[PDB]
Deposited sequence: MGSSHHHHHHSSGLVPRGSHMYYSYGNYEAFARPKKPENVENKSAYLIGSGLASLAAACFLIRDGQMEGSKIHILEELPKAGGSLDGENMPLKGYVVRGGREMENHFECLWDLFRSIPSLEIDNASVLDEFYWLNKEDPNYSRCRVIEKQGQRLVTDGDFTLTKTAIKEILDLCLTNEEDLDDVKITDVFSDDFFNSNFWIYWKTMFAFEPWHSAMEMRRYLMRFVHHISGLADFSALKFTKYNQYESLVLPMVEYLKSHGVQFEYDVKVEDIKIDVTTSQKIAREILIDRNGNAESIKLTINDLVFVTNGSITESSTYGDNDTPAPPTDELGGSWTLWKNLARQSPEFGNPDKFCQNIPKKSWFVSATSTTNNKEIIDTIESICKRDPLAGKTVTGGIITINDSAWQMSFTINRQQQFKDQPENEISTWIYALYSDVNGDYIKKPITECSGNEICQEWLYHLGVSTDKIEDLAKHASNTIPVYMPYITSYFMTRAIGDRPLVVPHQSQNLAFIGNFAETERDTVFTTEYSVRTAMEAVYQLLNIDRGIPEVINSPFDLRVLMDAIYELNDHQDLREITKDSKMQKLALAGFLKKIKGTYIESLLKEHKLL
């Protein structure tokens, strides 16, 4: 009740008055992920909180055998662009991160010239088409017409049938977003509605936008410099074990942060004027690393992030249900990603022959993942603009590889990916590029350096869930406690996105400080009739309403009577404008 949603330039460009009594308030942010950093930025810029009163608590201190790549953006990351228009670029003078990003993606717009391959390097013949049947389209629409409240614990396989899963649409969708068939239909529905304005860019990634470098260099480092320039305090080697919260009949008040500061057990006592921002849960927690000759050791370890959320959930069911997300994760789930770095011309030339661009040119390369449709692992890989690390040699590329299925033997390396060294993952990948099999072993072992990473929780955002499993950003009656990040709850936005991190941060800061400025709503595209007309046209692989209805009597007649009632009206002009007539 302490915020309101808005849209349009009035609320975008307006500045909030300094919030009431902020001069006597402090902030503690648990973890240094994007959501914590964003919340600190809003605390500085819009809360006008004093930097020395803002404390970022990081578990790690202030050696992997190679480069490791970790996601993209779209124009309607409304909250994220509100943030980064205020963060100075570290690459361009007198320019924001938004400016640098905006100009770069106009100079070198992202698109894919090859989205799906099969048969050891051949482009899928129907690449670019959705190959959705009428039944599959109806299931998509029926899911969207289902209330979110009726999708508690429903799996994607509960709402779609064979036609949909055989479609190219599902190939594009599951791989670009990392949906597994057992994942949350509720989240899949949110994604369908959230990105409906970009349906025309699904097959070719033409709606995706990327930073110049990896996320740490292009997003985190600029935020850090901004926060440091305003005196914000960074606390390393601090493990938050619990937060004692009073949950009374009238209020929720965080009372004390129980920490281990460099082996020493200490405690931070809080008043109502000391705000606590918890990033509950983590998809990168407990990650392990291999090298070119060693697999990343599988693990089920619960780290500090999941232990902390469990300790908060013990104090109120309003603080969420972490076990839905970190327990009972199927062993087929995506766990392993790998970064394969090479300067070898044979590999780089093979990539060029598939993606149609020079990987070393410094512009778009694959334009997003290429999916190997017939790979047992259901592997995809991408090469961003190179190099993605500013100190990497200019003759090197780093390729990011991931597998949706973790418990199935590969086609060339006949083992599950979880049993594979870096070079074995690279060999399986090189096989599917069409590299001659008598060269694969040496090119992977001696011409490349591949670092695998095992992430027990990388699919955790998407686990089947029920309303209530995620805490509200500001739980009911909370006075000084907020939850931020991709396991907190807010309307219609989609998790596994950087936008969701910034949105929850902004909503938390605005609500706890009662900031008198609107939060931009999730973009209104699923309510926009023009966008919905485009979606019907795109989903039906570019067929007008007559062609859609051509083989059915019940519809071909309803359409005849509809066209007779709209003839010569604005509705007919709109349908013609959007190619439905």
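Undergrad: What stretches of this chain's deposited sequence are missing C-alpha coordinates?
TA: Gaps in the modelled chain, taken against the deposited sequence, lie at 1-18, 81-90, 99-100.
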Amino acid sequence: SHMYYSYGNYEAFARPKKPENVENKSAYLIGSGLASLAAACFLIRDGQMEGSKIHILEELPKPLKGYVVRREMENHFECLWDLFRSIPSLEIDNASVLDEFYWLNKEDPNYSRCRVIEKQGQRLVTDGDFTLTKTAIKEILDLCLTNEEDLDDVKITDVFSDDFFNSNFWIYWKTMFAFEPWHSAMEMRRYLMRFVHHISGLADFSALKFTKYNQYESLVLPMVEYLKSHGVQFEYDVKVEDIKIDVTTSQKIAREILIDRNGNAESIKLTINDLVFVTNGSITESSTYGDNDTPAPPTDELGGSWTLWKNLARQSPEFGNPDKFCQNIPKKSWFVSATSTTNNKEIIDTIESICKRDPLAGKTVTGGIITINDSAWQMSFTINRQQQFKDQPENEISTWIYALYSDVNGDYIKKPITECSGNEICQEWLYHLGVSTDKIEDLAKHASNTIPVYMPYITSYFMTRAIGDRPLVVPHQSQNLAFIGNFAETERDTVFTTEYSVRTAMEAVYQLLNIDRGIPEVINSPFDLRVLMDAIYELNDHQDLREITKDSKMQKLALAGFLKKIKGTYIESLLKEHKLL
From here on, numbers count along this sequence of modelled residues.
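Undergrad: Identify the stretch, either 181-189 or 435-443, whose C-alpha atoms have the larger mean B-factor according to the entry.
TA: Comparing 181-189 with 435-443, the higher average CA B-factor belongs to 435-443.
Undergrad: According to the deposited model, is the average Cα temperature factor higher in 260-268 or in 358-366?
TA: Mean B over CA atoms: larger for 260-268.
Undergrad: Just the C-alpha B-factor column, please: which of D162, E489, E419, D493 has the biggest number?
TA: Checking the PDB record, the top C-alpha B-factor among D162, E489, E419, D493 is at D162.
Undergrad: Identify, among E100, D142, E507, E78, the residue whose C-alpha carries the highest B-factor in the deposited PDB entry.
TA: The record points to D142.
Undergrad: Consider only the C-alpha atoms of the modelled residues in this chain, order them by B-factor as the entry records it, and name the third containing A136: lowest, middle or highest.
TA: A136: CA B-factor falls in the highest third of its chain.
Undergrad: Within this chain's modelled residues, let me know which third the CA B factor of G468 belongs to: lowest, middle or highest.
TA: Middle third by C-alpha B-factor.
Undergrad: Classify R71 as lowest, middle or highest third according to the C-alpha B-factor given in the PDB entry, relative to its own chain.
TA: For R71, whose C-alpha B-factor we compare with every modelled residue in the chain, the answer is the highest third.
Undergrad: Going by the CA temperature factor in the PDB record, which third of the chain does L64 belong to: lowest, middle or highest?
TA: Ranked within chain, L64 CA B lands in the highest tercile.
Undergrad: Among the chain's modelled residues, which third holds the C-alpha B-factor of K415?
TA: Ranked within chain, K415 CA B lands in the middle tercile.
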